[PDB]
4 protein chains.
Amino acid sequence: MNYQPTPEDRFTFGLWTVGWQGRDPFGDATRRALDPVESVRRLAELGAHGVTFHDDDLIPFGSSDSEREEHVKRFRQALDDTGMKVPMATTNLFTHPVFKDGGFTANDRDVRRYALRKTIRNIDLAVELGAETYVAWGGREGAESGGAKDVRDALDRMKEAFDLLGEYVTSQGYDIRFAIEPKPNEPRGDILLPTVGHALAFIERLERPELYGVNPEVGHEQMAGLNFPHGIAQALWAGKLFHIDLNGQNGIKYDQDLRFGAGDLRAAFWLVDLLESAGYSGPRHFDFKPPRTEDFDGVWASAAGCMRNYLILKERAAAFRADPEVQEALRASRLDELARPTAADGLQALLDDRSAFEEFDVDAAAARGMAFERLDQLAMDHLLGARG
Amino acid sequence: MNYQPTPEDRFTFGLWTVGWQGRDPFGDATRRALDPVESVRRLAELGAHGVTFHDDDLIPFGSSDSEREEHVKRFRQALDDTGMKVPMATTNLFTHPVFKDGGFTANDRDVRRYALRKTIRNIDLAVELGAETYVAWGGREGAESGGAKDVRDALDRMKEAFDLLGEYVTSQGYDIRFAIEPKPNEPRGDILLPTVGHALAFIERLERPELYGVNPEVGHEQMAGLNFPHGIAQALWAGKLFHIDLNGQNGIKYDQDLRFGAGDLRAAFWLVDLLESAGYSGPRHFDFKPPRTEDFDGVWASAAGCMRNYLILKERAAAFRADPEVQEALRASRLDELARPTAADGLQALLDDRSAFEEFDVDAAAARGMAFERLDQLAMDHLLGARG
Amino acid sequence: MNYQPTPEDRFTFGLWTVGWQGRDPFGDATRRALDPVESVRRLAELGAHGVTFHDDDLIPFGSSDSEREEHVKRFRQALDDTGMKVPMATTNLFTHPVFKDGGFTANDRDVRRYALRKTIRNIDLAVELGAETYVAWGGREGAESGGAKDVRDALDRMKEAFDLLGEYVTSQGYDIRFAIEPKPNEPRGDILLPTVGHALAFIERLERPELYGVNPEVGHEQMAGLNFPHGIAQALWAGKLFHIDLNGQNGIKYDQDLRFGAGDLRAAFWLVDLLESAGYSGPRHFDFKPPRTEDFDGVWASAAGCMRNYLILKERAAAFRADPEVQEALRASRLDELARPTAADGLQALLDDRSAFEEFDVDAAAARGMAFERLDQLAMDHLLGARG
Amino acid sequence: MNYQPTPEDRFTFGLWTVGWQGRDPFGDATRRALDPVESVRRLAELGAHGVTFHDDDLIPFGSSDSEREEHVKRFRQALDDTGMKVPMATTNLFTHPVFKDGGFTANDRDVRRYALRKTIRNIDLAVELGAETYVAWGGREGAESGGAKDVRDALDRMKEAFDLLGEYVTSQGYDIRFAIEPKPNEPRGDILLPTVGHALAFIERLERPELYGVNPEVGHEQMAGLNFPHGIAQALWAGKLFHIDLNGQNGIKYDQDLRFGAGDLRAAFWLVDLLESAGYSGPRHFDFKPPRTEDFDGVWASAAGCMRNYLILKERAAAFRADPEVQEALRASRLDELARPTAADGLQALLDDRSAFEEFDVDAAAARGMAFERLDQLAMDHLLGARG
Ligand SMILES: OC[C@]1(O)OC[C@H](O)[C@@H]1O
Ligand SMILES: OC[C@]1(O)OC[C@H](O)[C@@H]1O
Ligand SMILES: OC[C@]1(O)OC[C@H](O)[C@@H]1O
Ligand SMILES: OC[C@]1(O)OC[C@H](O)[C@@H]1O
Ligand code: NI
Ligand code: NI
Ligand code: NI
Ligand code: NI
Ligand code: NI
Ligand code: NI
Ligand code: NI
Ligand code: NI
């Protein structure tokens, strides 16, 4: 009815999102820089719950320890003034030229040691600001050519780095968990751990896997042509959806980071349906870039639209699931039977069950339509508000 | 010098590859069916090591137990006559209309029970023929629309199915392992476990993960735009590369299944380099389709070219790694340093090491070129046989 | 309010769409064949305006001249009984094995001559049934490998074929125009004239270009990652949008042919906006496949949903353009200025205009935001029926 | 034997290629700027024939008329000192913020007039330096959202701009032709005239089409998944290949601009085969970026590798076509018959030829294999230097 967000909806934004100045590989900045304090204040006015940051977004690279304390205190006063929270933070291991061949998996060992120290420094700061999740996006971990990177040795180095970070937070007693953010490419030709599945598999080889989950981004899995709600379902099934980055992407091309709801709208519908039906309770974080065509009024419009589109889709997905005609259609398509065990009776009874093979009427079973198109048109009508 | 294969090179082919009759979604078959015995004999003459099969390739669907024994005995006599082996087998859970919504994750429970019994029947046959690996490709597990498949319930059903199959082989005492073959799409709109990473992650949630690995296919990961040698490296790092399907693919489109070496030739070079340097010792299996333009002479030509291209690339990758100028280039690009631990000295010494942060010269480190382009041009010259 | 189609909405369907039996490259048919007469009757009941056909959909391949006349007369009686029209027809030059290397650009000259005679035979039949457009989809014109097809010689052969067909219809006095339907790949590895742009360029080299236009399909341009409404705009700008195939596609992969509205929903919105604002008056033809999961009740549901989704999107696009707040936003984003000539004053006055260069304030111009994000969120709200 | 380039091989490089400082959307520059004079000298030493430039690469934006003359004179002295030529130039209408919504199709009319004056100024300079081709890449012409750009009005504006530029060069008497460079996306979400086909079609609607051709880039057509040699063949067939940009791209993702030969190596082979067999005589221009991992020694290595790989592939493609076994294979696959007219006898004799339809043996024709796989393996063996 009214799609007004409140801090209760847990919407969060990175400083680097509304603060993106619009520099792209072919053009100069179109907007001036935003003071972090100014972004916190404007986002609070729009109904956001909190903000996130990379170390270098908050404290400019090379800052003296005294300049550092000054930047943090001003930030903390804006948070106190507005009620905004800081649920996640991350490290910039991709902008400075020293990270041109990676941070944790750089071929040069001294760069890998520096990347870990820069990371540990910001974990301390994140805990101080109350963050519960620490994200890692290995944007420069990867290669443009085959001989440049032995990927088994690089995964060893990646494992070593995350194991050391887990040792660090456990030895310090911190209540923070790690979330790896996959991306298949850009800025490297191929990035290691390119999808949610590769990241989930990797985590199972860490020494303390319970401290690590994923931070998937809508557009990154779509850059590989994959179904984002399906990957999120697999992450939820594994118990590893620790955080999520929401935005939009129009297919397989450069990372667009459009506002949430733009891009593949039906995938956004099915994502919100899943998050809300699974009871995901973390932040709904937007990692987006207001297009460089926009002035600052367009930046705030784009940020507001992120939140608005989430709340419209939440209403439509709830109306879909609550509709008795949809519930009947779900039974007609046997979603109830999918949720029942195949063989709770056990292996031996399955083998002795002649109705499962010797006397199974395969032709009768094959003729049964699944009724999925009528179900999908009910979902389309609900999304478009065309139920009457 | 001479690129002649021998059974020692372990090249294997599925019956369904050379026997593909050329039916595609827009056209009729262009070739008559091949008798399996005839394929075994022709492949042996070409230097292959063995063949693989789906149950329905060897025994036509619906066969009586007596027709079954007859088809198997003829096959076994061809194997005895030629020295050919059968290292892998698999189940067809995708062609019959009863599998239109899947086998293990079909919404209908009776279809899921039938799919397991059809599978178990062929595992027994595979063990009898001496197969060491049983492949599962869930070609119909997936969906064209969002509401048709709850993916968490479907992963529960998938886990239940593989757990029951593991219970079966362990209770029977069989020495066979399972290999899941990922594919991102086609014939379903999205297929569950779409990439090597999703399959590896899934396996870690099975009750006896040691019985399960992956069977990646070159073209399937490329249908998601991913780097196949990188995914194979991750599978090798995890200890899960139990088998591999070799073929070629020209980018993101329908599954072409071209002969190996066609498609992305440099990725084929880097794949062979990795397999041979990691000492992969399983079968080099070709899952390919000779194009429907071809008559049977072109089918055998295409099969021979699979083997030929592997052996040329093996020679070029070995020449690359053995070249002293390449070894010097690898050190110049610090591949030796990538293989050294980042912090064997431990967390505490890293934190107290001022050379890792307080006194690290980031500008000096940043200026060091990685020399990857000279290394990659040496690899190009070796691939093209242009070293002089 | 009520999204009921009538024959006035000009919705048409190919016989091969609702009649697709569900055979795909990995599985058998899931539905029995439909008699063309039965499809005409069922589609009329749903509110369709007419049907289209390939020669081989209506008259089975190899039919005797007498069997032929019989199939046509039964069809014509169904059309008379229902009021259905036949606005377009086409030729099947892709299913029979003789067309495995193409019809018009087959390397074998005798096949190319046969393809033209099979085509001419059906043009006569289409005119008899009252078709105004004859579509050509060169599904097999192309190659899997580089040496198999000299593309300059193949374009010569393609031009020769269309020139001869134009000579034929002009010599017979027929009032029919030709529409080339591009597709980038599938079933050939690469298909010639792969996009709307390549087809439009080709037409300009024909002897009588006025007889030829394009028949773009939503999903085909999306298989190349292109923006379909943009390509349709270019076709409309050139005066060549003679017909259109509507369906849905989820990105770059095999040709899904989903029902219209599925796939990229926002692109469907912008397509309907363009067609209706440009006053396109041809048929709105659905070239779709009801998924093979469906029985015949699902086939009719899917066909009805094609029409329903067009009419919902038509209502939302009209509400968008009629909204005074949207009209103000369009002026704020200077769409009115885009439609004004850049230099109606002429070249010399442009060169002497110091306000265009010497005294142009580039910094002031650069600071002006384009306001596109607020405009796009108004379009999203209209699409979702969330204006209040 | 020796793959040493000489100026006779006509290899050219843009100033912006070797001079790319390595700034990407996620990171800072890794290399200092190169003085244009220094690049001219280094490229001459490597065997290049000439260089190309955007206006802003040579003369920094905002330069005074006196600073301008100074930059040009220094450049001209380097050209005189080295023998280097300047065969092409272009305009930068994409970096400055004023071009954020385009140059020729910007919604703001005053920006469109400025873009034309900036262009005309550099055409005069290009003619002075002896360029024969003027390239236009409309990198910012396009949109991220549907309502922001009416594409018919934008094509009107694009046509108006190129028509005015043609009026200008004809009124000045200049001997220069225009080449439009297509790209499907990046930096805009969708770019207008996204492929070679759309550009060729557009040119036919200009007032003086003979002055305009295309400048295709390998990686740009591959960003749409298209076959670059096929698109080049269509451009050659139309008589419009006025220039070409050579580089490499690994599939559908961000524009990588790798050195030529990297990316899809077999497509590079077939491109060189086509260019050399068609007798293309323009510049072989590399539009590439040495990866930001590299220092200046790696920049020159990467530039040299562009030239080296062209010359290796030229030798292998010539060996392929000269091989008598390949010539026999081409006849076996009926490439000779593809080049013969389908119906030089004319329409009426085709209609009366019973051997073309009534008495055509379609089954006999269908059984003939095309022998394309043996031909393609000969091409692979030649590419890899594996003929013995
Ligand atoms: O997507 C990448 C990003 O914007 O920068 C890194 C951080 O993790 C964030 O998600
Ligand atoms: O790729 C799919 C395939 O050809 O059919 C199933 C089997 O696993 C084999 O790999
Ligand atoms: O899309 C291809 C199709 O379904 O078959 C050929 C006809 O042109 C129709 O469009
Ligand atoms: O590819 C784009 C580019 O590098 O910048 C514009 C010029 O046309 C050149 O081709
Ligand atoms: Ni992103
Ligand atoms: Ni992110
Ligand atoms: Ni495949
Ligand atoms: Ni396979
Ligand atoms: Ni289609
Ligand atoms: Ni179509
Ligand atoms: Ni490029
Ligand atoms: Ni270029």
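Note that these values count all heavy atoms, side chains included, but never hydrogens, waters or copies made by symmetry. Proteins come first, then strands; the chains are lettered A, B, ... in the order of their sequence lines, and each starts at number 1.
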Check ion pair D:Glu337-C:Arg112 (N to O, under 4.0 angstrom): no
Salt-bridge criterion met for D:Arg284 and D:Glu276 (N-O under 4.0 Å): yes
Any residue meeting salt bridge (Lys or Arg N to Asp or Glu O under 4.0 Å) with [X], in chain and number order, not counting sequence neighbours:
X        : value
D:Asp273 : D:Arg321
A:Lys253 : D:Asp190
D:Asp56  : D:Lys118
D:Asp57  : none

Smallest separation among heavy atoms of D:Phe202 and D:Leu155, with atom names: CE1-O, 4.1 Å
Results of side chain to side chain donor-acceptor pair (under 3.5 Å) for D:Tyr134 - residues two or more places apart only: D:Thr91, D:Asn122
For D:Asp257, all residues meeting side chain to side chain donor-acceptor pair (under 3.5 Å), sequence neighbours excluded: D:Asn247, D:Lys289
Parallel, tilted or perpendicular: ring planes of D:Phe178 versus D:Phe162, cut at 30 and 60 degrees: perpendicular
Stepwise side-chain hydrogen bond (donor to acceptor under 3.5 Å, both in side chains) test for D:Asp255 and A:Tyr254: CA-CA 8 Å; D:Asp255 186 37; A:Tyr254 72 101; over 6 Å; no
Axial cation check for D:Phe242 ring with D:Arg177, 6.0 Å and 45° limits: yes
